[PDB]
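Residue numbers (the deposited numbering), protein chains in the order written: chain B, 9 to 334; chain D, 9 to 334; chain A, 9 to 334; chain C, 8 to 334.
C-beta: ideal position from N, C-alpha, C; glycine also.
A quick write-up on the structure given underneath.
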Amino acid sequence: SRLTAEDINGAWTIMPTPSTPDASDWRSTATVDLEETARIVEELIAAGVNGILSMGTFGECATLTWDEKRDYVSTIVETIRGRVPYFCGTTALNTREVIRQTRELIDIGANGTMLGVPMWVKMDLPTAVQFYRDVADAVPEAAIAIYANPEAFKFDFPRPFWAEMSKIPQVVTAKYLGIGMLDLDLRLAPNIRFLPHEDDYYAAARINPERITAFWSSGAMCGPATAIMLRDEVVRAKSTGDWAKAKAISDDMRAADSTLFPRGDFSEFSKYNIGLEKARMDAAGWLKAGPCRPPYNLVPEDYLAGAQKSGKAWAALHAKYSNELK
Amino acid sequence: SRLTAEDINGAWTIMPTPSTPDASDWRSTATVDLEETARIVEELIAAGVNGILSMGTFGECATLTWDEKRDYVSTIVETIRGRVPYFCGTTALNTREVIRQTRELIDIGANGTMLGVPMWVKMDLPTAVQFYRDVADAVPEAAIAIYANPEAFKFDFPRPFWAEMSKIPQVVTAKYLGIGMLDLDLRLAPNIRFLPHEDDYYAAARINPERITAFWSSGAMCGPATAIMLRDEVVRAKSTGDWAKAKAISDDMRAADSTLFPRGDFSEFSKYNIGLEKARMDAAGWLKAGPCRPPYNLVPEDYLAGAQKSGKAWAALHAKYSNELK
Amino acid sequence: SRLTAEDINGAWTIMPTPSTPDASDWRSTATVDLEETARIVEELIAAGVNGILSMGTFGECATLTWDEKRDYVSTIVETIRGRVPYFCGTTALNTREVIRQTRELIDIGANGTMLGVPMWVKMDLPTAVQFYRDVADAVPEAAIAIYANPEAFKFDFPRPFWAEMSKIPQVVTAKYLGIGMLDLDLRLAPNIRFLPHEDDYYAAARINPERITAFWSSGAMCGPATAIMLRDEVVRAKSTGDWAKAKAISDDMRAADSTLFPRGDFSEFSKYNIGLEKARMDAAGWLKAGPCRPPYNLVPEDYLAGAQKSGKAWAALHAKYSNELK
Amino acid sequence: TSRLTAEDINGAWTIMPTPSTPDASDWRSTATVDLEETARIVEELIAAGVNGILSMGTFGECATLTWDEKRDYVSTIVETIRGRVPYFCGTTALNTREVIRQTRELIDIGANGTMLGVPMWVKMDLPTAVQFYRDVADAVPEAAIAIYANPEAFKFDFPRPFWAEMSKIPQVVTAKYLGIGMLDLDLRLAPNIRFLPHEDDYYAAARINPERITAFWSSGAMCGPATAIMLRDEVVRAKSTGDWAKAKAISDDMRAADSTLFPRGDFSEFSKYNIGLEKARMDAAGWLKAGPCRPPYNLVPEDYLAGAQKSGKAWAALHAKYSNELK
Ligand SMILES: *[C@@H](C[C@@H](O)c1ccccc1O)C(=O)O
Ligand SMILES: *[C@@H](C[C@@H](O)c1ccccc1O)C(=O)O
Ligand SMILES: *[C@@H](C[C@@H](O)c1ccccc1O)C(=O)O
Ligand SMILES: *[C@@H](C[C@@H](O)c1ccccc1O)C(=O)O
Ligand SMILES: O=Cc1ccccc1O
Ligand SMILES: O=Cc1ccccc1O
Ligand SMILES: O=Cc1ccccc1O
Ligand SMILES: O=Cc1ccccc1O
């Protein structure tokens, strides 16, 4: 009954935490738009998404209050009613707090936690390994998705880390970034379903068609048809050997993303991860992500425009692929 | 009335948060040794310290539970009974949590908060400036000490930031690191008492003897007589023009610190800031800092040994200077 | 007539610059073992290598004198006698010096230059683009291989740079590092043959089997049979669709490389790239790389041991795959 | 002339550019050094009372000059100075043998020393860097050495233990030093070296250690040297009287003049455009003609150039003000 790596296939969409209009103000106390939360979930299920992730960086795990988090997760779990797997996010400044939060949110009904590492003090390899072992020991029923983001969490999630995570049965998946070492990490970590970012799924699926069956998406929050079409066409390509349509969709996605990162730079992107993702979603018009909670509520205008252009581009793909789905 | 920069003078000692023997275990609750806490406070006051700071990096602001912090601050306040100023620490992942914590700990009776910036997402200049404005607006009774540590908080606390902080009345001081730009920062920020690290106090006090009248010390947790002697001798040097004795103390301090940083690297020290400072204090034998709360409870044995040697060296200074004091 | 991208296929092996016994001494003036140079070239040709690169970082382009370089290239050119393509390396501190060297080495009979960028001052995108345009304009008959090493050259060779290089006809190939963005770079640069590192060839050829027909090898300097076997088996996998044997070879290569990098870290490897590669080659016993020219003649002993072990592992692969080719 | 000592290095040490002809950005050009402007600059600096001349670091285009250009430039400087003030050439190169070759030649022409960074294609570690400088000093025992301690250019960060090692090499008499955060300690570790802070840090550094910190390096002097001369003179008087206010005010003026030089206030971004920004500043100040940048470093974003030009104008304004205070 605890999720397994084998159960993780297809399109895994990361949803934001919708905010109320006053959410940028430090005086506000209940800034989660719970009805927009429910609406997003039902829409994602209806689109055919395989699983839902949440409460990473752009999902504002860092900036929600604890009451906000419990209300958000409660609404998601009530809406899903067990139809698709759901991961909350419980990254925090220390092990004991992560355990506390993970227990409560799993109890409310999440299947797992998408989890980075404590980042006030930069972790080394043995520290990070111990940290995930501790969480899995404390909350054995929780599945774990490693949130392998070095910009946010400082630690760089190196090859030997993956070898160690593959020994922890609760660690079933990873929100993975660049795929330069995917070939080796798959070999080191046979028990983990590695999720590339949607734009890299095409390449990664070609490297290892047996293992690479799933990906994570934030572009889906601008309209999920694109990600659904990618998933479907890659399944087809694996069967027929004809990768041309999968390549065409993947190239479209890359172009849609081409203006997102300020000056092409993930490090500059990472300073504005929240505002840029939420602005992109706002601009696409598929969902209302809303204002960013403090302190990350200021984004330079030219960067915002890049994100908004990207949101329009993904909306255009959603309309194109909605028709191709029929 | 709220502490002013003018009132910040002399030796400001940063105390750890003493641990019980089980504190490394994620299963433990109530890991603060509150009696050792009280005993340290009384010893610091008896030594003649001007002010007490706490709950920075090595003070485990990151890894204490909220109940632990409340108990710790309560014990400190009851012990001090208003005789020296006291800063708690309330750095957290977002502005609302910082505000919440700061209000409570000030209400218990701390005079101010030693505060870095939220660090899951790296802050830019306008974000950092607005964050400190927000806290000051929200808790106008709290004095603020800027905890200007780029390794921990990613933000690098640049020149223009200091100019902005000088416009916020609550910002009375800074826990400052390298003094390469202290001359300019002093000009940009006339209203802030900049605290160099104890080892840099000699140089900084010669640069600007009118403004640089105070320093921060962790070495005092290995025996405060060194820091007290430095303070007293600098006051004398500023009056006589004879800096020989102040220089010799300051040079002893740098030597005592020479084995602390792994391979002389601040970045490598920063990965083990908690464990190395605590291990040094344990080794010096002036107080019992105790085990590190999870996750930061693993330190390479070579690095520990440098820390221990530094601890013994500072204990030797304390012995030497205790005799010169009386 | 100048090489084209279409003409670049199979195993492209990077040769060191063999040194005399006294080569680590600044007093020495003629440190290239020209007979070992000739021997290595004929052995690489006999093994069936497709082309030869030289005079990158471990090839000691930085530390050879000009007379040494000319003598080295003269010996290579006269040994090859037009049988396989050959690239010299002409990276230098400024455009004029690069041009002067490129003209003379091409005149002697190299087909092209493996070229990084001037690195005293870190280059930006338009500066780097102009640099390569200037070299191609000055020496129109030289093929260029982009040496895309950010550690050495500071510049990071971003996506827009590849789009620009594809417009320069002389730019036919790239010595490329991590393949995270290879899918996109191939799309942005249709006219370049991108050479992944031998360990990444498997994944890269699976990503794009039409475009990725070639790779670069330094492991071949420990015995080229492994690289020739990889090449041949990838050709067969592309035709049959059965990748298992190519995968086995590739996995073997990565295991042989697993001790090369100090602490698994490319940046720490990059500080000792010369001494580590040359020590690895010396240990494998296929060729005599010899001492490193000053200043890069000092390598920590444990790092050396890692490289020697890698050399032994690669030698063992060469003996294994020698038999499978016979 | 016996080799320079640290004790002989005092006052304002000005770093000169390598003046360029109008066609100097074109890779096709040879002889891009304006040798008459070179001579003129030297005589103007001597007339202003500078204590020593440095050259051929980063903005001095050590990386982008040809060898023939360097020889002509150094020959012109040496015949112009005619022994009146000490002079350092620059011989940083990609390897030890090339450094040695260039250093022997330029010393032989008549420079007193070399301002020397480390080979930077491969990032050096501590023992590698120490042996490099030992090798140069062994090879060219009559050259004084100025350590050019620039981590951005040279990758190596010139750590504390390195300075303890350099202090054992008699040839190493000075350092072009950057931020002063560890100056107090470096002085203690390296008793035999005259550390030169940047002109803007001289005030602070001289107050930290007035016995040891008697000299600084200046690129601002290339915009009009009166400011550097006045700073020098006023710090000498401050050390004697204990009244630092006038020295403080000049220093504060200098920092203000520098406030727009670094793109976004960032040393690392300035470092990408070190040549073009320094040379543009000097061109804007109008005291000398630095001229175009040799390839490849001939492209600078417009916004950044503008900050450099504003800085040049501000330093020209300081020169005019302090020229009047000098009488
Ligand atoms: C995960 C998503 C970010 O880490 C990220 C990474 C790469 C491209 C775009 C985005 O948003 C998260 O924010 O939880
Ligand atoms: C402050 C002290 C550290 O940030 C620090 C910095 C430099 C040397 C030693 C120490 O501990 C804190 O941990 O609160
Ligand atoms: C090219 C090869 C190096 O840049 C390098 C990169 C990665 C792994 C191993 C090696 O040698 C050269 O040194 O010319
Ligand atoms: C030395 C001067 C540069 O490295 C530098 C550093 C800081 C401010 C300004 C300048 O020019 C040189 O370029 O030779
Ligand atoms: O570098 C950032 C990044 C983000 C998502 C996927 C691949 C990447 O390289
Ligand atoms: O570089 C680290 C550092 C830490 C505390 C004080 C001064 C310093 O330079
Ligand atoms: O990024 C460094 C690197 C080095 C060798 C091979 C592949 C790589 O990604
Ligand atoms: O960090 C850059 C820098 C440049 C010149 C002088 C002092 C400095 O800190």
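Report yes if the C-beta of residue i is less than 7 Å from at least one heavy atom of ligand 4; otherwise report no.
i	result
residue 226 of chain C	yes
For the alpha helix (DSSP H) that residue i lies in, which residues bound it at each end?
i	result
residue 23 of chain A	Note, residue 23 of chain A: premise wrong, no alpha helix (DSSP H); beta strand (DSSP E) at 18-23.
residue 143 of chain C	133-146
residue 282 of chain D	281-292
residue 78 of chain D	74-88
residue 319 of chain D	309-333
residue 244 of chain A	233-248
residue 52 of chain D	42-55
residue 170 of chain B	167-173
residue 256 of chain B	252-264
residue 278 of chain A	274-278
Taking 7 Å as the limit between beta carbons, can you name the residues of its chain near residue i, skipping five residues before and five after?
i	result
residue 255 of chain B	210
residue 201 of chain C	13, 16, 180, 181 and 222
residue 6 of chain C	The structure shown does not extend to residue 6 of chain C, since chain C is modelled only from 8 to 334, so the question has no answer here.
My understanding is that residue i touches residue j, with C-beta atoms under 8 Å, so please give their C-beta distance in whole angstroms.
i	j	result
residue 58 of chain D	residue 13 of chain D	Not confirmed; about 13 Å, so no contact.
residue 25 of chain B	residue 86 of chain B	About 16 Å; that fails the 8 Å criterion.
residue 167 of chain D	residue 192 of chain D	6 Å
residue 207 of chain B	residue 258 of chain B	7 Å
residue 150 of chain B	residue 114 of chain B	5 Å
residue 56 of chain B	residue 95 of chain B	That belief does not hold up - the Cβ atoms of residue 56 of chain B and residue 95 of chain B are roughly 18 Å apart, past 8 Å.
Just to check, is the beta-carbon of residue i closer than 7 Å to a non-hydrogen atom of ligand 8?
i	result
residue 185 of chain C	yes
Using C-beta distances below 8 Å, list every residue in its chain close to residue i, excluding the 5 sequence neighbours before and after it, in chain order.
i	result
residue 130 of chain D	162 and 163
residue 292 of chain B	229, 230, 231, 319, 320, 322, 323 and 326
residue 268 of chain A	277, 284, 288, 314, 315 and 318
For a test of your reading of the model: does the CB of residue i fall under 7 Å from any non-hydrogen atom of ligand 6? Yes or no.
i	result
residue 208 of chain D	yes
residue 169 of chain B	no
Is residue i near ligand 7, in the sense that its beta carbon is under 7 Å from a heavy atom of that ligand?
i	result
residue 231 of chain C	no
residue 188 of chain B	yes
residue 274 of chain B	no
What residues in its chain sit with their C-beta under 6 Å from that of residue i, if we drop five residues either side in the sequence?
i	result
residue 127 of chain A	161 and 162
residue 294 of chain D	230 and 231
residue 262 of chain B	207
Determine the extent of the beta strand (DSSP E) in which residue i is found, giving its start and end residues.
i	result
residue 181 of chain D	179-183
residue 152 of chain A	151-155
residue 121 of chain D	120-123
residue 161 of chain B	Looking at the DSSP string, residue 161 of chain B is not in any beta strand (DSSP E); the run it does join, the alpha helix (DSSP H), is 158-161.
residue 212 of chain D	First-last for residue 212 of chain D: 206-215, but that is the alpha helix (DSSP H), not the beta strand (DSSP E).
residue 203 of chain D	201-203
Would you list the residues whose beta-carbon is nearer than 6 Å to any heavy atom of ligand 1, in the order they occur in the chain?
B:22, B:64, B:65, B:66, B:67, B:157, B:205, B:226, B:281 and B:285
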